[PDB]
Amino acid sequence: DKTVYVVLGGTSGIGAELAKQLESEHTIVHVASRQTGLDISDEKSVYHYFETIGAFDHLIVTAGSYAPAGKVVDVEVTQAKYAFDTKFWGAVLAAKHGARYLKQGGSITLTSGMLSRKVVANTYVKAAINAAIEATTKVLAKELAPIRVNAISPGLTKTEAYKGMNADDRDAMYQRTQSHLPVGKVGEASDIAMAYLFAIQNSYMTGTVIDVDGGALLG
C-alpha cells in the first residue's frame, strides 16, 4: 500500500512545497492547519486529528511562523507565550499524539531555524523557540527509536511568512540577504523542502538538525 505523509503546516510556504513534491501515485499526503480545522496549539484538536488519520509513515511539522519581534525588555510576554504555544508546544503535542500511529520505518521531522544559534538582537522569542525545538528533537529521537526524529533549520526563505510586510520592505529584506549571504541568494521553499526529503529518506539519520541557511550562521 501507499506511503502516507502528514504535514502540519503544509498549507503554506515550506510545508506546502514539501507536500507538493511528495505527491505521487505511490503516496497519500495529508496537509492540515487552522484553515483546515486543525489548531496545533490545542491538545484536543491534535489528538482527534490523528484519530481521523490513522496509521501513517512520516510526520512533518512546519506550523507556526509568527513571533513578536523586539528586545526582551520590550516584548509583551503574553504574545511571546502565544508564539511558543503554536511552534514549540504544537510540535510537542504533534509528537506526543502522533507517534503511536507511525508505522515501521517512519519518522518525525520538526522545524527550527538558524536563530537557535545565530545571536541577533530583537529575536529572543524565535531563538528560544528554535533552541527548545532542537533539544526536544534529540530527546524524542532517543525516546521514540527506532522511529527516527530530526529537525530542519531554515535560513531566510521566500514564503508567505512575510505576507504581512510592506512589499517594498520585503524586497529590500530579500535583497539585503542576497547581497550579504555567502551563497548570494535568498532561499526558495524548494531548497528547504529538499532537506525534509533527505531526512525522510535516510534510514541512518536520527537526532540530527540540518541547517539550510545560505551561510547565515557563518556571520
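Just count from 1 along the sequence shown to find any residue number.
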Of the two stretches 191 to 199 and 20 to 28, which shows the higher Cα B-factor on average in the entry? 20 to 28
Comparing mean C-alpha B factor in the record for 131 to 139 and 90 to 98, the higher one is 90 to 98
Relative to the other modelled residues in the chain, which third contains the C-alpha temperature factor of residue 212: lowest, middle or highest? lowest
Among the chain's modelled residues, which third holds the C-alpha B-factor of residue 74? highest
Mind checking which third residue 106 falls in for C-alpha B-factor across the chain? middle
Entry-reported Cα temperature factor of residue 152, expressed as the chain third it lands in: lowest
Which third, lowest, middle or highest, does the C-alpha temperature factor of residue 183 belong to within its own chain? middle
